[PDB]
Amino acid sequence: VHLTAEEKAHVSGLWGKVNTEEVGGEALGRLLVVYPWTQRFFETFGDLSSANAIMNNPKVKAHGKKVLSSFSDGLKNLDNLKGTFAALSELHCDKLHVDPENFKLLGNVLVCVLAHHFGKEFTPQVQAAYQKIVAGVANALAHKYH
């Protein structure tokens, strides 16, 4: 997405403070709890039938970690989101059948997790910028679809 300098700074300042070990698996975990049909894509990850299973499943974490540094990739290539996400967009939208509406859903879970982690510090203004980011990713991840 193209957010300004100001915005690219609200974003990177706190992204520097993120635990890249727990943040992704917890957004991926939450995605699996809050939107339980996303469960179908991850049948192989073992047992997803309960809140705490999901949350404690080891495989969820590991792949969450991979989701979130793929967001760290988006942040370093922040103005060719299409190109940096051309491999993942064909993957998800072709080999896996992920309805792109689920792209938008994951970035919102992550936003709530961001808010959950940082609290008062995750200001509306900070969110607003992070909405541009997630929307951007969501949209780049759908490019070789729409």
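The first residue of the sequence shown is number 1, and the count goes up from there.
- Higher mean CA temperature factor, per the PDB entry, when comparing 52 to 60 with 27 to 35: 52 to 60.
- As listed in the deposited structure, the average C-alpha B-factor of 122 to 130 and of 15 to 23 is greater for 15 to 23.
- Taking only the listed residues 115, 68, 91, 109, the entry reports the highest CA temperature factor at 91.
- Residue-level temperature factors show residue 40 in the lowest third of its chain, judged at the C-alpha atom.
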